[PDB]
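Notes follow the structure.
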Amino acid sequence: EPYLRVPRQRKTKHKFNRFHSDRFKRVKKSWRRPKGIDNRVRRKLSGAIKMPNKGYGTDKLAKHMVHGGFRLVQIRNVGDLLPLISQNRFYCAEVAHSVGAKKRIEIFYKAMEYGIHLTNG
Amino acid sequence: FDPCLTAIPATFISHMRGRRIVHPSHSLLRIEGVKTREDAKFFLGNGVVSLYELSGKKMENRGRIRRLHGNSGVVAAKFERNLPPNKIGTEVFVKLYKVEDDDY
Amino acid sequence: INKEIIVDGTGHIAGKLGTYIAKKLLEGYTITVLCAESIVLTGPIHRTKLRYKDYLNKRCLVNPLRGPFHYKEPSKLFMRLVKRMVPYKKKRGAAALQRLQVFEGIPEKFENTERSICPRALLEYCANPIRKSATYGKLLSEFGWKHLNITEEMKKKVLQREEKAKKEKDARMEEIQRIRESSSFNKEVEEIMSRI
Amino acid sequence: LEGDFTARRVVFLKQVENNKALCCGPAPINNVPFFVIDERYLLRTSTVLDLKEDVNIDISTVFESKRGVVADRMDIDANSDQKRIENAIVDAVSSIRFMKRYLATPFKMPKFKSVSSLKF
Amino acid sequence: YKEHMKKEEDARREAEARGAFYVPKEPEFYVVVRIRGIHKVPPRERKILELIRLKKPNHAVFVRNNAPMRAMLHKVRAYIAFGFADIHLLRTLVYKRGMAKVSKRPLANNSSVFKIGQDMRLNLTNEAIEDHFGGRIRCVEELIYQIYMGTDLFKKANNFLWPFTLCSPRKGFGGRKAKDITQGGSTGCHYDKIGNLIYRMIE
Amino acid sequence: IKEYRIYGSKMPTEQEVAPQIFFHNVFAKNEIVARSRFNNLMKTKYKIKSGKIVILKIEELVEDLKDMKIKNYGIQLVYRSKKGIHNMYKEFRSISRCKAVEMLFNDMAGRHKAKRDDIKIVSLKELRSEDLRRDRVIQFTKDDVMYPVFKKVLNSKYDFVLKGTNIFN
RNA sequence: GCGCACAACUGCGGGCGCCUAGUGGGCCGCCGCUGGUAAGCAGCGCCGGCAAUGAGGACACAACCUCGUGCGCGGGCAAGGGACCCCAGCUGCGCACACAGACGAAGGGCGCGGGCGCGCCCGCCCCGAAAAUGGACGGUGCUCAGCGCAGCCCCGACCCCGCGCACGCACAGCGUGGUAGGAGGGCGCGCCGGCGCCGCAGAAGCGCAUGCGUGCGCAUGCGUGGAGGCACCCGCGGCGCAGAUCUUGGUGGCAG
Ligand SMILES: [Mg+2]
Ligand SMILES: [Mg+2]
Ligand SMILES: [Mg+2]
Ligand SMILES: [Mg+2]
Ligand SMILES: [Mg+2]
Ligand SMILES: [Mg+2]
Ligand SMILES: [Mg+2]
Ligand SMILES: [Mg+2]
Ligand SMILES: [Mg+2]
Ligand SMILES: [Mg+2]
Ligand SMILES: [Mg+2]
Ligand SMILES: [Mg+2]
Ligand SMILES: [Mg+2]
Ligand SMILES: [Mg+2]
Ligand SMILES: [Mg+2]
């Protein structure tokens, strides 16, 4: 189904939760680089969790790819379907969340006319 | 089809490891009757299968004997999926045909 | 693979037998050790008794109910040896220790079984005959193990029954050999290979 | 070693494209049809039959046995040239004394004592 | 190469045909392998390993058999293994692991304008040699010859070779590698037995 | 280890066109220790340091073991302990000269903890049986000497075997 | 002014200016010292380290040894090891018997093994050798798991090599640790000037999922909700919290 099959190639299945976000509910899981003087994650001691680096970054051309080779496109109305008509195979289209059900009907019908794959429907 | 009909059983004894750090992609196997390093050269490149059950459904995890290990016929094998440390002490079956590092 | 070993413990150095036992146990073997009163400790007996008295001295002062337990049986003392040759606090080492069963003498459950030896752990192979040595039952009968004589008597009655059955069995191996060498058997055998 | 049959002494005919090999343990003898498997799964034994016939057969419809699947293939087919070259190795097996029992018997692993004992 | 080596053997056996002792002219270069790592190096010894272009262990270079270079090799002899390569070790080091230090030239018709601080480590192709030495040398063996026979082109030929990023040796160093080979280590003058390390280090 | 005869001299200059040639017979691990043991003797007997030495020749003295009998060797050595430097005379029976010094090195290490580098050999002489001074090596010079083996040795590599199996014989 | 001319080796781009931070308690090792009976004491010199340097090996262990360090894969190794814990060992030659190896002195030992001239010398062992919770060659244990040696082999780091990717660079390539600290580019928040839009056919918010993302975070699905909101470009800023015996509010355990 994609034009070119891009493998997933995320360099780790790690999530990089924040340090001690397991132990404290005040510490949310969004990553903060720990800056303490004795902190075992900053010091990169063995047994500590890993910190995000440049090295974990996925490939430039594989980045932000969905369903193999596709790239997501936000759609708010039927006018957004028109620049996707020529490039059907490159983009999976996604209707925005705040689009109402009346306009989602008209997006859904024009997308199957223009042959655009909708991830919402 | 019994695995012991055509394949030689080998016990999964350890992962390839340091004293503490363990590299689980390479599994150390002790083939029965193989007791020296030159005896285990007969099994370099040979395919190996680890047979297990997931929810009662039989699975084959296939691998390749990659390198020798030590002077006592222990060989290191790399499988499709890494062997769990639960299966240490259980048997895996060493095939009599060579497979390649790309194609198990 | 038959991964079940029954070890006869006589003439074996204790820690040298224990390493080959524990290395088998961590590979999934089930080892049973018989005749554990005859497992040998090298060196003179008085040095070995001082090592035991050093063991008996170690106990929890606060509460000896939870202290280092002191074993007077040769089976539990040999089990204590192999216990720390495995990682017994981890689940991999404790599961391996469940595959040991160590006994004094030969219980009648192990009548007519096929017993093994570790030749690299034998005293006649490892030790010099000039050096002294003593068994577990020689030591522990002076530290509260009262069952040395009843072990050896019941050991003998097992060995006499097994020597009797071996006297019968090898005669059957004798007669089957004399039958299979007979020309009546051979021409019976080549007649079947003729038809195949 | 790894096929539908997977412990069956067969005889090797011809190496086919995409790494395959034509084999037939003769279907009168061992109830094994013509097949192609991967080249590697054939463990080579030292004894060779004296087959003089050409093995360039119409391979287009021969049942190919994959590795893990034991998928129940359809039974025997028309066998235009397969009947001739089967009878030639029934001719070859009849010359050698115990070779008929050999190809009929499923393979057992030799009792391991050394790798010298694994010569075949 | 064969004629030069045959002439020395004929010179040597003719000398022992008489009573004499003949040792040839010792080679025009040393081959030097960095044994110790980059840590805990005093500033003089760290500087000499920079001027020998030995910036990591298991790196190998050729240095000239000079009187100043011999004194440089002596002061860092606790960090290096050096000796004499013959023509087989010279050619194996360059043909199997030989890269060129090439400056970029942005204009085709003008080889005089180029970049100073950025030198690329590229393959030792004939055209890289023909561009550096302005038509005077244009093959790899002709670069070996300036190394082997120590010509006037030695300094240009040796510097054109990137330092040999060798592997660590097969079968190990066989002991405690930091001490001298006269004490059982692997660190010092391996006078002509330097191939016993380096041949194990190439692959 | 090996035996080396290493020839060397002062490097010839215009002042001294043919310097005196010296040679040393070294039992060394390789030629680099053999050059090292040669350079110290030129530094300490004469005053020629190693920068001004040319090593003219290094040859491997190897004996022909054509029919391979056992000879007797008397070794005069000088070994340095932790406490001092001493003279010793040891007698060995061996195959070659280079094997007898290997018996010297393993014996001085076993009996005196003298390492190989702590030992300098004054002379190694192959001896008659009549000239041997050690009565322990004299006992094996007698013809028709015989003894049994009392040490048990295994006949394979075993981890566990049944009781009936012969392992020693 | 004319003429001559590129000067040992090796490496390699270099010079200078401006603004500004942090720092100004250090500590450790090596070698060399000073004071002191000494000190894990105090004070110096040189170099290296820790601080700020992970990882491997040291039983654990800021500094020792190896050795640097993006994310992986493959190889080869280092230090250190190869009875079992615990990855990896076999072949030979010695030596030692003391709950030794496993803290030690002067002084000793017809203890054993070598050597020299009864006395010396060298190895191992012994005596000298006594502490308070029970207990530490790390443990098990080991008397060829001790003390020595040789041969061949093996294991073992993020080291080295090779490959791939990420990021940085002046980009046929090279590089990649980091406290205090500086810099760059983004993510996020309230509102502004615009510009594209969305919403009672259900906005924000919320809950649970899925996806994207190195990461800050983003998007969607379902549920809830019931009226607003989003994206981008700009501009303004009371703009991002785990800490402050923080503030306020709520709630636990304690505790029926
Ligand atoms: Mg202090
Ligand atoms: Mg470091
Ligand atoms: Mg560390
Ligand atoms: Mg550590
Ligand atoms: Mg290796
Ligand atoms: Mg092991
Ligand atoms: Mg690196
Ligand atoms: Mg960085
Ligand atoms: Mg910072
Ligand atoms: Mg907003
Ligand atoms: Mg936003
Ligand atoms: Mg504020
Ligand atoms: Mg808070
Ligand atoms: Mg904070
Ligand atoms: Mg309360």
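By order of appearance in the structure tokens: chains A, B, ..., then residues from 1 within every chain, and ligands from 1 in the order shown.
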
Within 12 Å of ligand 11, which residues of chain G show up? Give each one with its shortest atom-to-atom distance in Å (one decimal) and the two atoms involved, counting only C-alpha atoms (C1' of nucleotides) and all ligand atoms, rows by chain then rising residue number, as CSV.
```
residue,atom,partner,partner_atom_place_in_ligand_line,distance
G:187,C1',ligand 11,1 (Mg),9.5
G:188,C1',ligand 11,1 (Mg),7.9
G:189,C1',ligand 11,1 (Mg),9.9
G:217,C1',ligand 11,1 (Mg),9.3
G:218,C1',ligand 11,1 (Mg),7.6
G:219,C1',ligand 11,1 (Mg),10.2
G:229,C1',ligand 11,1 (Mg),11.8
G:230,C1',ligand 11,1 (Mg),8.1
G:231,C1',ligand 11,1 (Mg),7.6
G:232,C1',ligand 11,1 (Mg),10.2
```

Please produce a file of the residues just selected, as a PDB file, in the first residue's frame, where the atoms kept are C-alpha atoms (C1' of nucleotides).
```pdb
ATOM      1  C1'   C G 187       9.174  22.417  22.661  1.00  0.00           C
ATOM      2  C1'   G G 188       5.524  24.539  25.971  1.00  0.00           C
ATOM      3  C1'   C G 189       2.201  28.846  28.445  1.00  0.00           C
ATOM      4  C1'   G G 217       6.152  17.345  23.437  1.00  0.00           C
ATOM      5  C1'   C G 218       2.420  16.457  19.367  1.00  0.00           C
ATOM      6  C1'   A G 219      -1.722  14.214  16.785  1.00  0.00           C
ATOM      7  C1'   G G 229     -11.260  26.857  20.251  1.00  0.00           C
ATOM      8  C1'   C G 230      -7.065  25.542  16.981  1.00  0.00           C
ATOM      9  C1'   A G 231      -2.703  26.119  13.665  1.00  0.00           C
ATOM     10  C1'   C G 232       1.105  29.282  11.817  1.00  0.00           C
TER      11        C G 232
END
```

List as a list in words the protein and nucleic acid residues lying within 12 Å of ligand 15, with only C-alpha atoms (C1' of nucleotides) and all ligand atoms counted. residues 250, 251, 252, 253, 254 and 255 of chain G

For N, CA, C and O atoms (P, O5', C5', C4', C3', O3' and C1' of nucleotides), I'd like the residues from the last selection saved as a PDB file, in the first residue's frame.
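Saved file out.pdb follows:
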```pdb
ATOM      1  P     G G 250      -9.080  22.573  53.366  1.00  0.00           P
ATOM      2  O5'   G G 250      -8.913  21.190  52.619  1.00  0.00           O
ATOM      3  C5'   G G 250      -9.852  20.798  51.642  1.00  0.00           C
ATOM      4  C4'   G G 250      -9.327  19.693  50.776  1.00  0.00           C
ATOM      5  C3'   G G 250      -9.020  18.394  51.469  1.00  0.00           C
ATOM      6  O3'   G G 250     -10.169  17.636  51.772  1.00  0.00           O
ATOM      7  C1'   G G 250      -7.257  18.917  50.043  1.00  0.00           C
ATOM      8  P     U G 251     -10.214  16.781  53.115  1.00  0.00           P
ATOM      9  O5'   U G 251      -9.267  15.560  52.805  1.00  0.00           O
ATOM     10  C5'   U G 251      -9.566  14.678  51.747  1.00  0.00           C
ATOM     11  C4'   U G 251      -8.367  13.850  51.389  1.00  0.00           C
ATOM     12  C3'   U G 251      -7.949  12.852  52.425  1.00  0.00           C
ATOM     13  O3'   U G 251      -8.781  11.723  52.440  1.00  0.00           O
ATOM     14  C1'   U G 251      -6.049  13.942  51.590  1.00  0.00           C
ATOM     15  P     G G 252      -9.025  10.966  53.815  1.00  0.00           P
ATOM     16  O5'   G G 252      -8.105   9.693  53.684  1.00  0.00           O
ATOM     17  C5'   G G 252      -6.984   9.563  54.528  1.00  0.00           C
ATOM     18  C4'   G G 252      -5.812   8.951  53.822  1.00  0.00           C
ATOM     19  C3'   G G 252      -4.982   8.037  54.690  1.00  0.00           C
ATOM     20  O3'   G G 252      -5.512   6.735  54.751  1.00  0.00           O
ATOM     21  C1'   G G 252      -3.570   9.582  53.643  1.00  0.00           C
ATOM     22  P     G G 253      -5.956   6.133  56.159  1.00  0.00           P
ATOM     23  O5'   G G 253      -4.610   5.532  56.731  1.00  0.00           O
ATOM     24  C5'   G G 253      -3.895   4.575  55.979  1.00  0.00           C
ATOM     25  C4'   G G 253      -2.429   4.620  56.286  1.00  0.00           C
ATOM     26  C3'   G G 253      -2.043   4.399  57.726  1.00  0.00           C
ATOM     27  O3'   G G 253      -2.087   3.043  58.115  1.00  0.00           O
ATOM     28  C1'   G G 253      -0.819   6.201  56.871  1.00  0.00           C
ATOM     29  P     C G 254      -3.026   2.581  59.323  1.00  0.00           P
ATOM     30  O5'   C G 254      -2.277   3.080  60.627  1.00  0.00           O
ATOM     31  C5'   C G 254      -0.891   2.863  60.832  1.00  0.00           C
ATOM     32  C4'   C G 254      -0.293   3.973  61.655  1.00  0.00           C
ATOM     33  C3'   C G 254      -0.937   4.198  63.005  1.00  0.00           C
ATOM     34  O3'   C G 254      -0.448   3.318  63.985  1.00  0.00           O
ATOM     35  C1'   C G 254      -0.679   6.266  61.898  1.00  0.00           C
ATOM     36  P     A G 255      -1.457   2.705  65.054  1.00  0.00           P
ATOM     37  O5'   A G 255      -2.788   2.502  64.226  1.00  0.00           O
ATOM     38  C5'   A G 255      -3.772   1.575  64.645  1.00  0.00           C
ATOM     39  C4'   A G 255      -5.160   1.999  64.250  1.00  0.00           C
ATOM     40  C3'   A G 255      -5.456   2.068  62.761  1.00  0.00           C
ATOM     41  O3'   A G 255      -6.825   1.767  62.585  1.00  0.00           O
ATOM     42  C1'   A G 255      -5.852   4.158  63.721  1.00  0.00           C
TER      43        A G 255
END
```

Within 10 Å of ligand 7 (only C-alpha atoms (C1' of nucleotides) and all ligand atoms), residues as a PyMOL selection string: (chain E and resi 56) or (chain G and resi 68-69+158-161+176)

DSSP on the backbone: which residues in chain A end up as strand (DSSP E)? Give the answer as a list in words. residues 71, 72, 73, 74, 75, 91, 92, 93, 94 and 95 of chain A

Would you write out those residues with N, CA, C and O atoms, as a PDB file, in the first residue's frame?
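Wrote out19.pdb, looks like this:
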```
ATOM      1  N   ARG A  71       2.908   9.659   5.104  1.00  0.00           N
ATOM      2  CA  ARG A  71       3.046  10.808   5.979  1.00  0.00           C
ATOM      3  C   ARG A  71       1.663  11.352   6.306  1.00  0.00           C
ATOM      4  O   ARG A  71       0.819  11.484   5.423  1.00  0.00           O
ATOM      5  N   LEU A  72       1.427  11.655   7.578  1.00  0.00           N
ATOM      6  CA  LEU A  72       0.119  12.117   8.015  1.00  0.00           C
ATOM      7  C   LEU A  72      -0.152  13.533   7.539  1.00  0.00           C
ATOM      8  O   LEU A  72       0.742  14.374   7.515  1.00  0.00           O
ATOM      9  N   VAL A  73      -1.403  13.801   7.179  1.00  0.00           N
ATOM     10  CA  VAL A  73      -1.839  15.118   6.739  1.00  0.00           C
ATOM     11  C   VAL A  73      -3.099  15.493   7.502  1.00  0.00           C
ATOM     12  O   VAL A  73      -4.088  14.754   7.480  1.00  0.00           O
ATOM     13  N   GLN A  74      -3.061  16.636   8.173  1.00  0.00           N
ATOM     14  CA  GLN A  74      -4.234  17.130   8.867  1.00  0.00           C
ATOM     15  C   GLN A  74      -5.257  17.656   7.876  1.00  0.00           C
ATOM     16  O   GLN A  74      -4.918  18.335   6.907  1.00  0.00           O
ATOM     17  N   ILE A  75      -6.520  17.340   8.126  1.00  0.00           N
ATOM     18  CA  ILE A  75      -7.613  17.755   7.267  1.00  0.00           C
ATOM     19  C   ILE A  75      -8.680  18.380   8.140  1.00  0.00           C
ATOM     20  O   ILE A  75      -9.136  17.761   9.105  1.00  0.00           O
ATOM     21  N   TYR A  91       0.517  10.159   1.181  1.00  0.00           N
ATOM     22  CA  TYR A  91      -0.058  10.711   2.392  1.00  0.00           C
ATOM     23  C   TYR A  91      -1.267   9.922   2.853  1.00  0.00           C
ATOM     24  O   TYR A  91      -2.196   9.688   2.080  1.00  0.00           O
ATOM     25  N   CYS A  92      -1.267   9.546   4.126  1.00  0.00           N
ATOM     26  CA  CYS A  92      -2.483   9.144   4.814  1.00  0.00           C
ATOM     27  C   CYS A  92      -3.091  10.371   5.459  1.00  0.00           C
ATOM     28  O   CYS A  92      -2.421  11.086   6.200  1.00  0.00           O
ATOM     29  N   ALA A  93      -4.352  10.612   5.172  1.00  0.00           N
ATOM     30  CA  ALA A  93      -5.018  11.812   5.624  1.00  0.00           C
ATOM     31  C   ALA A  93      -5.689  11.569   6.960  1.00  0.00           C
ATOM     32  O   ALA A  93      -6.202  10.482   7.219  1.00  0.00           O
ATOM     33  N   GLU A  94      -5.693  12.589   7.804  1.00  0.00           N
ATOM     34  CA  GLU A  94      -6.288  12.472   9.126  1.00  0.00           C
ATOM     35  C   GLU A  94      -7.141  13.695   9.389  1.00  0.00           C
ATOM     36  O   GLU A  94      -6.626  14.812   9.410  1.00  0.00           O
ATOM     37  N   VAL A  95      -8.430  13.481   9.584  1.00  0.00           N
ATOM     38  CA  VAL A  95      -9.338  14.561   9.930  1.00  0.00           C
ATOM     39  C   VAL A  95      -9.026  15.024  11.339  1.00  0.00           C
ATOM     40  O   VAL A  95      -8.782  14.207  12.231  1.00  0.00           O
TER      41      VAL A  95
END
```

Kindly work out which residues sit at most 12 Å from ligand 8, using only C-alpha atoms (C1' of nucleotides) and all ligand atoms, and give the list as a PDB file with C-alpha atoms (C1' of nucleotides), in the first residue's frame.
```pdb
ATOM      1  CA  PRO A  52      18.020  10.674  25.411  1.00  0.00           C
ATOM      2  CA  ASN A  53      20.842  11.517  23.055  1.00  0.00           C
ATOM      3  CA  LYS A  54      21.485  12.437  19.480  1.00  0.00           C
ATOM      4  CA  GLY A  55      22.377   8.780  18.998  1.00  0.00           C
TER       5      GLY A  55
ATOM      6  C1'   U G  69      32.912   7.169  26.705  1.00  0.00           C
ATOM      7  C1'   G G  70      26.608   9.030  20.435  1.00  0.00           C
ATOM      8  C1'   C G 167      23.990  14.780  15.613  1.00  0.00           C
ATOM      9  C1'   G G 168      28.064  18.518  14.960  1.00  0.00           C
ATOM     10  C1'   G G 175      34.294  13.913  15.381  1.00  0.00           C
ATOM     11  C1'   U G 176      30.905  12.180  19.661  1.00  0.00           C
ATOM     12  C1'   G G 177      32.063  11.795  28.373  1.00  0.00           C
ATOM     13  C1'   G G 178      30.895  15.958  31.157  1.00  0.00           C
TER      14        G G 178
END
```

I need the residues of segment 2-178 of chain E that end up classed as helix (DSSP H, G or I) by DSSP on the backbone, written out as a ChimeraX atom specification. /E:2-17,43-51,67-75,87-96,126-132,140-148,154-160

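Straight-line separation from atom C1' of residue 79 of chain G to atom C1' of residue 54 of chain G: 17.0 Å.
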
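Restricting the atom set to only C-alpha atoms (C1' of nucleotides) and all ligand atoms, one finds that the residues within 10 Å of ligand 14 amount to residues 34, 35 and 36 of chain A; 241, 242, 243 and 244 of chain G.
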
Written selection (N, CA, C and O atoms (P, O5', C5', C4', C3', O3' and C1' of nucleotides)) as a PDB file, in the first residue's frame:
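Final output, again_37.pdb:
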```pdb
ATOM      1  N   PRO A  34      17.954  15.066  34.415  1.00  0.00           N
ATOM      2  CA  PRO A  34      18.254  15.259  35.831  1.00  0.00           C
ATOM      3  C   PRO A  34      19.571  15.983  36.021  1.00  0.00           C
ATOM      4  O   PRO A  34      20.579  15.660  35.398  1.00  0.00           O
ATOM      5  N   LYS A  35      19.548  17.005  36.868  1.00  0.00           N
ATOM      6  CA  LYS A  35      20.678  17.911  36.990  1.00  0.00           C
ATOM      7  C   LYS A  35      21.272  17.926  38.387  1.00  0.00           C
ATOM      8  O   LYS A  35      21.993  18.859  38.732  1.00  0.00           O
ATOM      9  N   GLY A  36      20.984  16.922  39.196  1.00  0.00           N
ATOM     10  CA  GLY A  36      21.539  16.877  40.526  1.00  0.00           C
ATOM     11  C   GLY A  36      23.011  16.544  40.521  1.00  0.00           C
ATOM     12  O   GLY A  36      23.568  16.074  39.536  1.00  0.00           O
TER      13      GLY A  36
ATOM     14  P     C G 241       5.611  23.822  35.652  1.00  0.00           P
ATOM     15  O5'   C G 241       6.848  23.449  36.558  1.00  0.00           O
ATOM     16  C5'   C G 241       7.609  22.283  36.296  1.00  0.00           C
ATOM     17  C4'   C G 241       8.497  21.925  37.454  1.00  0.00           C
ATOM     18  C3'   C G 241       7.792  21.275  38.631  1.00  0.00           C
ATOM     19  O3'   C G 241       8.680  20.367  39.265  1.00  0.00           O
ATOM     20  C1'   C G 241       8.808  23.259  39.338  1.00  0.00           C
ATOM     21  P     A G 242       8.814  18.873  38.720  1.00  0.00           P
ATOM     22  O5'   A G 242       8.398  17.970  39.949  1.00  0.00           O
ATOM     23  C5'   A G 242       7.322  18.343  40.791  1.00  0.00           C
ATOM     24  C4'   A G 242       7.728  18.370  42.237  1.00  0.00           C
ATOM     25  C3'   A G 242       8.573  19.557  42.659  1.00  0.00           C
ATOM     26  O3'   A G 242       8.264  19.873  44.009  1.00  0.00           O
ATOM     27  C1'   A G 242       9.776  17.569  43.023  1.00  0.00           C
ATOM     28  P     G G 243       7.992  21.383  44.449  1.00  0.00           P
ATOM     29  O5'   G G 243       9.381  21.819  45.068  1.00  0.00           O
ATOM     30  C5'   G G 243       9.499  22.156  46.435  1.00  0.00           C
ATOM     31  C4'   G G 243      10.347  21.176  47.197  1.00  0.00           C
ATOM     32  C3'   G G 243      11.445  21.795  48.048  1.00  0.00           C
ATOM     33  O3'   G G 243      11.599  21.008  49.222  1.00  0.00           O
ATOM     34  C1'   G G 243      12.391  20.243  46.594  1.00  0.00           C
ATOM     35  P     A G 244      10.930  21.471  50.590  1.00  0.00           P
ATOM     36  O5'   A G 244      11.494  22.934  50.798  1.00  0.00           O
ATOM     37  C5'   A G 244      12.855  23.135  51.127  1.00  0.00           C
ATOM     38  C4'   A G 244      13.260  24.555  50.884  1.00  0.00           C
ATOM     39  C3'   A G 244      12.615  25.578  51.787  1.00  0.00           C
ATOM     40  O3'   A G 244      13.345  25.675  52.994  1.00  0.00           O
ATOM     41  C1'   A G 244      12.724  26.342  49.523  1.00  0.00           C
TER      42        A G 244
END
```

As a PyMOL selection string, please: the residues near segment 23-40 of chain F (cut-off 6 Å, only C-alpha atoms (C1' of nucleotides), same-chain neighbours under 4 positions excluded). (chain E and resi 182) or (chain F and resi 1-8+44+50)

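Atom to atom, atom CA of residue 40 of chain C and atom CA of residue 122 of chain C stand 8.9 Å apart.
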
One decimal, Å: what's the distance from atom CA of residue 99 of chain C over to atom CA of residue 28 of chain C, could you say? 8.2 Å

Residue neighbourhood residue 27 of chain E, 12 Å, only C-alpha atoms (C1' of nucleotides), exclusion window fewer than 6 positions, as a count of residues only: 18

Residue neighbourhood segment 18-21 of chain D, 9 Å, only C-alpha atoms (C1' of nucleotides), exclusion window fewer than 4 positions, as number ranges by chain: D: 12-14, 35-40, 42

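For chain G, the residues close to chain C, meaning within 6 Å and counting only C-alpha atoms (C1' of nucleotides), are residues 84, 85, 99, 134, 140 and 141 of chain G.
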
Expected file: the selected residues, C-alpha atoms (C1' of nucleotides), as a PDB file, in the first residue's frame:
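As a result, result.pdb now contains:
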```pdb
ATOM      1  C1'   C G  84      31.852 -23.932  41.568  1.00  0.00           C
ATOM      2  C1'   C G  85      29.326 -19.173  42.550  1.00  0.00           C
ATOM      3  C1'   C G  99      42.571 -25.088  60.856  1.00  0.00           C
ATOM      4  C1'   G G 134      29.527 -15.188  65.133  1.00  0.00           C
ATOM      5  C1'   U G 140      31.785 -22.359  48.764  1.00  0.00           C
ATOM      6  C1'   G G 141      35.567 -24.732  49.567  1.00  0.00           C
TER       7        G G 141
END
```

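Proximity of G:62, G:19, G:154, G:38 to ligand 5, computed with only C-alpha atoms (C1' of nucleotides) and all ligand atoms, is greatest for G:154.
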